[PDB]
Amino acid sequence: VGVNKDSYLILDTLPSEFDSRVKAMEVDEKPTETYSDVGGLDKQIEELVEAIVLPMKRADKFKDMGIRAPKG
Amino acid sequence: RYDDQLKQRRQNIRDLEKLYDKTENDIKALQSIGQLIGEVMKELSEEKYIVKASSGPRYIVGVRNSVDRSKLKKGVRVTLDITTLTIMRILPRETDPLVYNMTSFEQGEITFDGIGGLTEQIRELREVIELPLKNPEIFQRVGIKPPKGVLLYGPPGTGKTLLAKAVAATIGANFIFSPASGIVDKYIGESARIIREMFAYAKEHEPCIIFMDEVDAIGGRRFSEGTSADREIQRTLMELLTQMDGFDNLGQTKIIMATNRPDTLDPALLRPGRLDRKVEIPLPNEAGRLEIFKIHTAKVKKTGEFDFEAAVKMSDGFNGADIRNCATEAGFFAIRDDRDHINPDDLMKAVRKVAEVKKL
Amino acid sequence: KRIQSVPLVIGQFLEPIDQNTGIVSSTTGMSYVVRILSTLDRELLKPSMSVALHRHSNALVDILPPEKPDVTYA
Amino acid sequence: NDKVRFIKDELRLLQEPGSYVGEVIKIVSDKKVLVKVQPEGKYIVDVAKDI
Amino acid sequence: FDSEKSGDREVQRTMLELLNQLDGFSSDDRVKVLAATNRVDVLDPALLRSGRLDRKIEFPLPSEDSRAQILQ
C-alpha cells in the first residue's frame, strides 16, 4: 500500500510492480535445439517430459485419480 | 403524477446520508497520525519505565493516565508517540496462525488413531502422559515428582509429527504445534516474545499439550563464540527454560520435543530434569510395511492383490517416510501405460529405482 | 532537576577526560563528547556502565543500575 | 552569589549541543585540517582561535 | 551455515523464501520448476524433502554406444 511520509497511514493500494532484473529473465525462443540434436538420454528426456508437458496438457490422467502430483 | 417525482427523493437523500457519514469518517481518522512500536526490558516506577524500540534504541519514557500500570510488565509489546515518547496502548496476541493452531476436537476424548507401524509407543506414552493430566493429585502424596517434559528422538523419515498429533487427540487433550523454524525464520530478533505467549495462551486453555519439531535450531551458535551477535540464538534457549521451570508440573500442561540428532542436542539444558524421559523409536519390520502399505496404497484405484507379502520380503534396509513416494513411484508408470487399475509389476520394479535413490 | 525527568535516551559511558566532561558511544550508533553535571557521583562510572542522556543536547543526566539450586545436606 | 552563578552557567549549556570525536589524517596548509569521524567519513574543517 | 553476521544470514534467508514459495502453491496451477548442479554431497536435504523436488535424474556418463551418436 501507499503511505504518507510523516504520518504513516494507509492512503492507496497499488499493484505488485516487478523489477527490471526479473522481467529480463523472460525469454524469447532464441533456443533452437531439437531433441534430435542430442544423443543418448532417450530415457531421461522420456522421464522428464512425463513431469512437464502432460501436467501442462494431459493432467486428467492424474486429476481423475487426483494423485499427489509432482512439482519439479 | 406529481407524487412519483417526489418519491424518488426520499430515496435520494438516504442514499447520501450513507455517503456523507463515510466521507466524514475518514477525516476523523487522518488526524490520528501513526505511532511507533517497542518492547520492555524492566520497570522502575509508575512515572518511568524502560522500553526498547523496533529500530534499535533503549529509550526511557513515562506513561499516560489511562492504561493500567498493572498490565505493564516485562515481555509486553507496546505503542507510543514519535516526539514525546510516552506509552499509551498495548496489543497482545502476536497472532501467526501459520505458526500454530489448536485442535479442539483433540479434546474429544473419543478420537481416531489407527495408522500403522507402532503400538507399544502409543501404548506407553498413554502411560507416560495420561495419568499426570487426568487425576494427578496422587503423584504428590505418594512422594515422587512427575516429568516436566519429554523428548522423542529417532531417525529421520518416520512420520512422528502426526503421531504426537494423534495420541493427544484420542486422550482428549487440547493439542497445539509450532515448528521451531518460522519463530526463527519469520522472526529473527523478535522471537522469544512468541514463546511466552505460546504458553500463556496455552495456560488459560489448560489442560493442553505442546509439540514442536526442528528443535535443534534454537542452538545456532549455542554460544559457539560468546559474541554478542547471537543473542537471539542464546536467549531463545533461555526463555524456553525459565518458562518451563515456571509450570510447577502440577498436571495441566506438558511438553514434547523431537529431532533426529539428539547427539547434536544442546544439553546445556533439556538433559537433566527438564526433558527427563528420553525415548527412542523403531523402524518397521516384516509385517509393519504391509501395515503401512495397507494405508497409502489402499487409497487408490489399483487392481486389488496381495503382492505386498511377496513384495516386502524383497524389501530391506528401508526407512519409513519413503512410502508416500513408493506408491507414487509406481503411479508415475501406471499413467504411462495409459491405465487406471495398476498391477504389481510397477510395484515389483518400484523400489528397484528407489534403492538407488537412497544413495544420494 | 527538570531535565533529569523524561524522556531520556540511553547510552554507554566509555571514559573521562576532565573533572566535568566525559564521552559516550550511544546505542543510536555514533560517539559524542558530553559534559556530566554536578549533584552526581563520580566513583561509579569509569567502566562501560549504563547511563541516561538528554535527547536533543545529547547531554548526560543520571546513572542507573539494575541457577537457583534447591537441595540441602539432608 | 557565586554559587547561583555556576548552576545558572551550568544549566545554560547542558542545553548546549553535543560534540563529536574524530582523528587526524594530515594537515592542510593552515586553518584547515581534515578528520575522519571514526565510524564514518571525512570532513575538512577549520579551527578556533586558540589552537 | 549458522551465524548472526550479515553475510551469513542474507544468503540463507533467500533459501527460506524459496521453500515457502514451493510449499505455497499446489499442483493445480501449472508451473513446473527444475534445477541443476554438479554436486549432491554438498546441498541441503530440505529441498529434497518429499513434495518439493522429488523426481530426480542421475545423469550418468555415456556408455560406449552413446559415444557413437554424439560424434556423428
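Think of it as A, B, C, D and E in the order they're written, each chain with its own count starting at 1.
The criterion applied here is as follows: a residue touches a chain if its C-beta (ideal position, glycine included) is under 8 Å from a C-beta of that chain, and two chains touch if they have at least 3 such contacts.
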Quick check for the class: compute each chain's Cα centroid; which one is farthest from the centroid of subunit E?
D
Going by C-alpha centres, which chain would you call the most central?
B
Most remote chain, CA-based centroid, reference being subunit C:
A
Express in whole angstrom the distance between the two chain centres, defined as the mean CA positions of subunit A and subunit C.
57
When centres are defined as mean Cα positions, the distance from subunit B to subunit E in whole Å is 27
Just how far, in Å, is the C-alpha centre of subunit D from the one of subunit A?
61
Just give me the whole-number Å value for how far the CA centre of subunit B lies from that of subunit C.
41
Touching two or more other chains, which residues of subunit B qualify?
324, 332
Where in subunit E do residues touch at least two different other chains?
54-55
Two or more other chains in contact with one residue: find those residues in subunit D.
none
Which label fits the chain touch graph of this model best, line, ring, star, complete or other?
other
Can you identify all of the chain pairs that touch?
A-B, A-E, B-C, B-E, C-D
The subunit C residues in contact with subunit B across the complex are 6-10, 26-29, 52, 64
Quick check: in the complex, which residue numbers of subunit E touch subunit A?
22, 27, 30-35, 51-55, 57, 59, 62-63, 66, 69-70
Touching residues of subunit B toward subunit C in the complex: what are they?
44, 47-48, 56-62, 84-86
Residues of subunit C that touch subunit D when the two form their complex
3, 23, 29-35, 37-38, 54, 57-59
How about subunit A: which of its residues touch subunit E in the complex?
39-41, 44, 47-48, 51-52, 55-56, 59, 62, 68-72
